[PDB]
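To find a chain, count down the sequence lines: A is the first, B the second, and so on, and within it residues start at 1. The basis for the numbers below is simple: all heavy atoms, side chains too, and nothing from hydrogens, waters or symmetry mates.
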Amino acid sequence: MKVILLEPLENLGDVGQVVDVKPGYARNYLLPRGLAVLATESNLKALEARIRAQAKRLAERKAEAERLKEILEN
RNA sequence: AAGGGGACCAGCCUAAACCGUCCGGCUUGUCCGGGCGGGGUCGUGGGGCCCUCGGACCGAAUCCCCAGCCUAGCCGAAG
Ligand SMILES: [Mg+2]
Ligand SMILES: [Mg+2]
Ligand SMILES: [Mg+2]
Ligand SMILES: [Mg+2]
Ligand SMILES: [Mg+2]
Ligand SMILES: [Mg+2]
Ligand SMILES: [Mg+2]
Ligand SMILES: [Mg+2]
Ligand SMILES: [Mg+2]
Ligand SMILES: [Mg+2]
Ligand SMILES: [Mg+2]
Ligand SMILES: [Mg+2]
Ligand SMILES: [Mg+2]
Ligand SMILES: [Mg+2]
Ligand SMILES: [Mg+2]
């Protein structure tokens with residue numbers, strides 16, 4: 001049962017990682033405790049749409065820095 | 001059971017793709033979901049989306065009117 005970790009978890013994986021666990025662990029532990037959500041298609045693109053923003057909104061923190069590394073060093 | 005002979009005869013709407021809008025959520029958006037509207041309905045497969053071209057007949061099982069019919073009756077030959 002693939003689920004999306006919402007927290008860095010011991011020997012399981014990092015936050016945002018999609019790992020496989022037994023169903024009982026998912027519905028009776030990981031899911032009612034907020035530690036993860038199930039890897040449905042519905043909130044699978046939710047994950048792709050956040051890695052997207054961060055990928056863009058981080059490289060923008062890089063593109064603007066250069067727009068001054070070129071100015072000031074000159 | 002197929003097949004043959006007959007009775008009757010009639011075919012339709014939708015889900016999904018893709019658009020639009022509204023509302024919700026807080027994993028902030030090219031986000032997810034819920035509505036509603038548009039789209040669409042097929043087996044030679046069909047539909048969606050993008051290119052070129054071509055630009056009125058059909059018609060309900062729904063509604064209206066009417067005939068007809070039903071719920072009383074009536075005329076009716078000649079000792
Ligand atoms: Mg047979
Ligand atoms: Mg027959
Ligand atoms: Mg919608
Ligand atoms: Mg619809
Ligand atoms: Mg429609
Ligand atoms: Mg249609
Ligand atoms: Mg239609
Ligand atoms: Mg329709
Ligand atoms: Mg048809
Ligand atoms: Mg065939
Ligand atoms: Mg096709
Ligand atoms: Mg008919
Ligand atoms: Mg009909
Ligand atoms: Mg009489
Ligand atoms: Mg008499």
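Nucleotide B:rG29 shows a negative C1'-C2'-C3'-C4' value and thus a south, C2'-endo-like sugar. B:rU44: sugar pucker south (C1'-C2'-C3'-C4' torsion negative).
Between the CG atom of A:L5 and the CD atom of A:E7 there is a distance of 8.5 Å, given to the nearest 0.5 Å. A:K69 contributes atom NZ, which lies 11.0 Å from atom NZ of A:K62 (distance to the nearest 0.5 angstrom). Atoms CG and CG, on A:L9 and A:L35 in that order, are 6.0 Å from each other to the nearest 0.5 Å.
Counting any heavy atom pair closer than 4.0 Å across all strands shown, A:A49 reaches sugar-phosphate atoms only and no base atom.
Distances from the side chain of A:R57 to the nucleotides B:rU30, B:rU27, B:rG29 place B:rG29 closest. The nucleotide whose nearest atom lies closest to any side-chain atom of A:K45 is, among B:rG29, B:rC32, B:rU27, B:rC32. Listed candidates were B:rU27, B:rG29, B:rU30. Nearest to the side chain of A:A46 is B:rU27.
Comparing A:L47 and A:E41, the nucleotide of RNA chain B nearest to each residue sits closer to the 5' end for A:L47.
Taking all atoms of both residues into account, the shortest heavy-atom contact from A:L47 to A:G16 is CD1-O, 4.0 Å.
Atoms CG (A:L44) and P (B:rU27) sit 18 Å apart, rounded to a whole Å. Atoms CG (A:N43) and P (B:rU28) sit 14 Å apart, rounded to a whole Å. Computed from coordinates, the A:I51 CD1 to B:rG29 P distance equals 14 Å when rounded to whole Å. Atom-to-atom, CD of A:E48 to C1' of B:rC31 comes out at 12 Å; the value is rounded to the nearest Å.
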Inset, instruction - Please step through side chain to side chain contact (heavy atoms under 4.5 Å, CB included) for the pair A:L30 and A:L38, ending with a clear verdict. - result: CA-CA 9 Å; A:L30 297 167; A:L38 61 179; over 6 Å; no

Legend entry - From CA spacing to verdict: side chain to side chain contact (heavy atoms under 4.5 Å, CB included), A:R57, A:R61: CA-CA 7 Å; A:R57 200 175 39 78; A:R61 225 48 59 201; 3.9 Å; yes

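For the OP1/OP2 pair of B:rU28 and a distance below 4.0 Å, the side-chain nitrogens and oxygens of A:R50 include at least one atom meeting the criterion. In this model, the phosphate group of B:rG33 is approached by a side-chain N or O of A:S42 to a distance below 4.0 Å at OP1 or OP2.
Annotated as stacked: the bases of B:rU28 and B:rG29, by the 5.5 Å centre and 30° plane rule. Neighbouring nucleotides B:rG35 and B:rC36 stack on each other, with six-membered ring centres less than 5.5 Å apart and ring planes inclined by less than 30°.
Pairs passing the side-chain hydrogen bond (donor to acceptor under 3.5 Å, both in side chains) check and including a residue from residues 11-30 of chain A, sequence neighbours excluded, do not occur.
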Legend entry - Pairing pattern in dot-bracket form [Watson-Crick, G-U; both distances under 3.5 Å; | = partner strand] for RNA chain B: .................((((((((.....)))))))).........................................

